[PDB]
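Protein sequence lines correspond, in order, to chains X and C.
Plus 496 on top of the position in the first sequence (first one is 1) and you've got UniProt numbering.
According to UniProt numbering, the second sequence holds residues 165 to 172, 186 to 199 in order.
Think of the CB as a built atom: it goes at the ideal place given N, C-alpha and C, for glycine as much as any other residue.
Taking it in order: structure first as structure tokens, then the write-up.
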Amino acid sequence: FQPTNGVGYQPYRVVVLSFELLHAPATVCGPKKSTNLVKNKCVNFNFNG
Amino acid sequence: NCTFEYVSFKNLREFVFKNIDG
Numbered sequence: 497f498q499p500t501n502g503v504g505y506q507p508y509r510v511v512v513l514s515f516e517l518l519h520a521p522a523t524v525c526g527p528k529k530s531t532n533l534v535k536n537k538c539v540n541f542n543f544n545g
Numbered sequence: 165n166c167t168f169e170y171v172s186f187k188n189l190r191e192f193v194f195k196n197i198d199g
């Protein structure tokens, strides 16, 4: 690995993400954006499902 | 092949362990 090496021979950092889902509940999920809360008004609420 | 990992007389320590749908 040298500065003058060809692009094919230049170093490349490789990061592979693999996602495995077995017969078990899933822990790693995406973020769940939440809206602001309003009091003293008739609203349709959803708290933790 | 791991599928999980978590890290955090005088005493009566009672415990109840159970499994429901995994």
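Proximity of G199 of chain C and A520 of chain X at Cβ, strictly below 8 Å: yes
Contact set between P527 of chain X and chain A, taken where Cβ atoms lie within less than 9 Å: Absence of chain A from the displayed structure is noted, the protein chains being X and C.
Interface positions of the stretch 501-518 of chain X facing chain C (Cβ-Cβ less than 8 Å), listed along the chain: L518
Option in X:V512, X:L518, X:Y508 and X:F497 with minimal Cα separation from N165 of chain C: X:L518
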